[PDB]
Amino acid sequence: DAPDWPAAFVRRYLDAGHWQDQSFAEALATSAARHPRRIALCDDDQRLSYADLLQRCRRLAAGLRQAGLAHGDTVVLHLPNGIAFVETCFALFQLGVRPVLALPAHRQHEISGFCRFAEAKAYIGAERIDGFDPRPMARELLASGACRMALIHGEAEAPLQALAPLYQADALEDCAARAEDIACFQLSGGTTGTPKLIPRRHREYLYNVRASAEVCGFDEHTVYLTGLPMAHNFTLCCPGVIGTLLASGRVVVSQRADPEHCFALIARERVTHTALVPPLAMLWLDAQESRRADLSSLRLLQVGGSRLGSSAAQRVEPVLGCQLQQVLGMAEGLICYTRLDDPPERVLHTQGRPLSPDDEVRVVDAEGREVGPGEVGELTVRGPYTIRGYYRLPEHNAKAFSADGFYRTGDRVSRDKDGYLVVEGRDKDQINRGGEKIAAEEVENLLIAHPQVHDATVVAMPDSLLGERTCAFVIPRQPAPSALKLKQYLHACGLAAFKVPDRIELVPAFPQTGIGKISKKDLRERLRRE
Ligand SMILES: N#Cc1ccc(C(=O)NS(=O)(=O)OC[C@H]2O[C@@H](n3cnc4c(N)ncnc43)[C@H](O)[C@@H]2O)c(O)c1
């Protein structure tokens with residue numbers, strides 16, 4: 001069902017001290033006991049101390065148990081960023097009930113799939129999420145038998161049930177979860193959904209949190225803004241919301257990543273840390289009048305999910321006044337971080353080095369040969385917080401994991417002389433133009449350096465004579481440059497002639513994935529049909 005680490009690995013990871021003997025609920029209880037009255041979590045109106053958060057989680061756990069959720073059950077958790085997300089997560093952790101961590105952007109196709117694949121006892125959602133009313137969907141989940149109950153935070157009508165009254169139960173003090181148990185199902189973030197369920201276990205996911213918190217300098221004075229969906233691995237655990245809580249910092253909830261909102265929130269709450277994907281970082285760097293906000297509290301911006309090119313990376317410290325950290329991560333495991341004392345050569349041009357000393361990285365060619373230093377190949381990895389299989393997916397798992405347990409990421413990377421990863425992109429985003437390979441990131445980074453370019457993305461399109469030609473989609477800043485002007489600019493930059501895009505499309509926006517990454521797959525489909 002959930003392939004485990006072989007015994008030799010379990011022993012090593014315990015011996016090394018990576019895997020400790022606490023579940024998520026116990027870890028939060030321990031943190032809360034260190035600083036019970038300090039504010040742990042705040043939104044626009046509500047501010048919860050560690051002690052009140054813990055008590056609210058224990059009461060909700062009692063109410064969920066009364067509603068029929070039992071140790072070993074699964075639920076689909078589909079909430080917007082907020083206090084209820086945190087409370088519900090940790091209440092389920094306490095009960096040993098596993099949440100599938102659905103994104104706000106997920107809709108009926110995904111949510112129904114998750115409920116059915118996991119045999120979820122409940123859907124837990126809100127009266128509104130990401131501009132969508134999920135309540136008709138939730139009623140259809142019940143009517144079709146996708147789940148047995150549907151709990152809604154907010155107003156709803158029968159046969160949906162209300163989540164808020166379950167907080168009135170007497171606090172449950174016991175914890176049913178074991179450190180070796182599956183704690184939750186993360187979701188894959190590939191380009192061919194429906195997302196796959198990723199079993200994360202308490203002890204390994206907590207190692208992910210603790211090690212990330214140390215690398216990122218989290219401490220008691222960390223004020224973390226949720227700039228991405230809390231359900232996502234980056235926001236939740238790297239070090240994320242849970243890392244902040246376990247460091248006894250304070251989490252500031254936001255349901256929006258636009259700089260007009262977030263910059264005011266940073267000034268009001270004296271935010272110190274956040275994490276974004278590159279398209280959102282570009283919005284923050286290009287914020288106009290909003291930059292009048294007092295951002296002086298900001299200490300660290302993590303950027304990952306997709307590569308932040310050096311042109312944009314170089315602007316972070318001058319414009320925002322904070323340190324940059326680049327992060328390569330995946331919900332399946334491996335995180336790579338640039339370090340807080342790393343020189344600019346690493347921070348501007350790489351996506352970090354592996355989090356754990358026991359992360360085993362192999363970069364291989366199509367034949368499975370390990371490539372030479374600085375050469376590009378497929379990233380494969382095994383380690384102390386990287387899964388050995390997706391949940392209940394033996395057929396796919398036989399293809400996605402090597403015989404010796406390495407996860408095949410589908411990412412193309414090289415490694416520099418110090419072990420830092422440099423991500424070319426996804427395997428499917430490669431470009432072969434008449435036999436000449438083109439690094440899309442090289443061309444994109446040059447375009448993004450242009451003063452009237454906001455963002456740029458380069459994809460392949462079919463061509464009878466060359467097999468593939470290239471098309472750059474470019475979001476301008478006014479006054480917008482023409483395709484011809486950008487081609488002249490790339491020439492002035494020294495770009496090789498065959499790397500200049502055959503076609504340049506000026507557009508207002510790019511199609512995006514669930515947490516805001518650019519969907520190159522959607523752009524290629526748009527070209528293919530045309
Ligand atoms: N801390 C942390 C953290 C950060 C991001 C994710 C995340 O993005 N998870 S993910 O499961 O949604 O997607 C994974 C896939 O994103 C791509 N990718 C991610 N970072 C990339 C980068 N800096 N440069 C280029 N590509 C990157 C790869 O293709 C990769 O396989 C996460 O889980 C944790």
Side-chain angles (χ1 to χ4, degrees), residues 101-103 105-106 185-193 195-198 200 205 208-209 211-213 215-216 218 224 227-243 273-281 300-310 312-313 324-338 346-356 361 376 378-381 385-387 390 400 407-414 420-430 439-441 444-445 457 512-521:
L101 297 165
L103 298 176
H106 285 155
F185 298 105
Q186 268 296 350
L187 294 177
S188 60
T191 200
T192 52
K196 299 165 253 148
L197 275 56
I198 294 170
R200 301 301 301 261
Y205 213 6
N208 188 152
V209 174
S212 294
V215 169
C216 299
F218 280 27
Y224 182 85
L228 298 168
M230 287 170 91
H232 191 268
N233 185 44
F234 196 5
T235 330
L236 189 67
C237 285
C238 300
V241 169
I242 296 182
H273 288 69
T274 192
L276 301 172
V277 294
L280 293 173
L300 184 68
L301 176 61
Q302 304 174 282
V303 180
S306 308
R307 179 160 170 193
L308 188 70
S310 64
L324 171 65
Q325 178 190 64
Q326 293 210 45
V327 194
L328 163 65
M330 53 206 74
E332 290 84 353
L334 180 63
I335 315 299
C336 301
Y337 290 110
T338 60
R346 292 170 176 173
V347 177
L348 304 182
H349 295 102
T350 80
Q351 290 67 64
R353 56 179 172 88
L355 175 59
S356 176
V361 164
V376 177
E378 185 180 9
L379 174 58
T380 75
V381 58
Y385 54 93
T386 295
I387 64 171
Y390 296 95
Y407 173 56
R408 301 165 168 154
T409 65
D411 300 318
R412 292 178 49 83
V413 311
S414 63
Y420 284 69
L421 279 70
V422 179
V423 181
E424 174 194 89
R426 302 280 295 155
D427 175 77
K428 288 315 305 177
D429 297 340
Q430 285 181 85
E441 195 283 333
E444 296 165 356
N445 189 49
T457 194
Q512 282 180 325
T513 74
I515 70 164
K517 306 183 193 186
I518 296 167
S519 182
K520 286 189 169 189
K521 148 144 284 195

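Numbers here are sequence positions counted from 1. When a ligand or atom number is given, it counts from 1 through the structure's own listing order. Side chains included, hydrogens not; waters and symmetry mates left out as well; all remaining heavy atoms used.
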**Prompt:** Which of these, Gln325, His232, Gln326, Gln186, has its nearest heavy atom closest to atom 10 (S) of ligand 1?
**Reply:** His232

**Prompt:** With atoms numbered from 1 as shown, which atoms in ligand 1 lie under 4.0 angstrom from a non-hydrogen atom of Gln351?
**Reply:** 23 (N), 24 (N)

**Request:** Report the distance from atom CG of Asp427 to atom OG1 of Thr409, rounding to the nearest 0.5 Å.
**Result:** 9.0 Å

**Complete:** Among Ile515, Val327, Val277, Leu103, closest by heavy atom to atom 23 (N) of ligand 1 is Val327

**Message:** Distance under 4.0 Å to a non-hydrogen atom of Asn233: what atoms of ligand 1 satisfy this?
**Reply:** 32 (C), 33 (O), 34 (C)

**Prompt:** Quick one: does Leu187 get an N or O within less than 3.5 Å of an N or O on ligand 1?
**Reply:** no

**Request:** Distance to 0.1 Å, residue and atom name: give those for the protein heavy atom nearest to atom 11 (O) of ligand 1.
**Result:** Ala331 N, 3.1 Å

**Message:** Could you check whether any heavy atom of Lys517 sits closer than 4.0 Å to an atom of ligand 1, since that is the contact criterion I want to use?
**Reply:** yes

**Item:** Spacing of CG belonging to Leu300 relative to NE2 belonging to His273, to within rounding of 0.5 Å
**Value:** 4.5 Å

**Heavy atom of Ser306, distance to ligand 1 below 4.0 Å** = yes

**Request:** Go through the steps for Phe185 and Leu101 under the test side-chain contact (heavy atoms from CB on, under 4.5 Å), then give the verdict.
**Result:** CA-CA 6 Å; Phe185 298 105; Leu101 297 165; over 6 Å; no

**Asked** Looking at atom 2 (C) of ligand 1, what's its closest protein heavy atom, distance included?
**Response** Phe234 CD1, 3.3 Å

**Request:** Using a 4.0 Å heavy-atom threshold (strictly under), name the region of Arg426 that reaches ligand 1: side chain, backbone, both or neither.
**Result:** side chain

**Request:** Considering the heavy atoms of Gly189, write down every atom of ligand 1 situated less than 4.0 Å from one of them.
**Result:** 11 (O), 12 (O), 13 (O)

**Message:** Test your reading of the structure: does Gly305 have an N or O sitting under 3.5 Å from an N or O of ligand 1?
**Reply:** yes

**Asked** For ligand 1, is there an N or O atom under 3.5 Å from any N or O atom of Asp411?
**Response** yes

**Complete:** Of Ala275, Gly329, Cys237, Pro239, the one whose closest heavy atom lies nearest atom 19 (C) of ligand 1 is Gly329

**Request:** Let me see the working for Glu424 and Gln430 under side-chain contact (heavy atoms from CB on, under 4.5 Å), right down to the final yes or no.
**Result:** CA-CA 9 Å; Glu424 174 194 89; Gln430 285 181 85; 3.8 Å; yes

**Request:** Evaluate side-chain contact (heavy atoms from CB on, under 4.5 Å) for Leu379 paired with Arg412, printing each intermediate quantity in order.
**Result:** CA-CA 6 Å; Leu379 174 58; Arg412 292 178 49 83; over 6 Å; no

**Numbered atoms of ligand 1 (with element) below 4.0 Å of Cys238, judged on heavy atoms** = 1 (N), 2 (C)

**Message:** Return the NZ to OG1 distance between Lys517 and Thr191, rounded to the nearest 0.5 Å.
**Reply:** 10.0 Å

**Message:** Rounded to the nearest 0.5 Å, what separates atom OG in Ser212 from atom OH in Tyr385?
**Reply:** 7.0 Å

**Request:** Give, for atom OG1 of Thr380 and atom CZ of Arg408, the distance between the pair rounded to the nearest 0.5 Å.
**Result:** 8.0 Å

**Message:** For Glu332 and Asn233: C-alpha separation, side-chain torsions, deciding distance, then whether side-chain contact (heavy atoms from CB on, under 4.5 Å) applies.
**Reply:** CA-CA 9 Å; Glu332 290 84 353; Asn233 185 44; over 6 Å; no

**Prompt:** Looking at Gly304, which atoms of ligand 1 are within less than 4.0 Å of one of its heavy atoms?
**Reply:** 23 (N)

**Interatomic spacing from OG1 in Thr338 to CD in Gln351 - rounded to 0.5 Å** = 9.0 Å

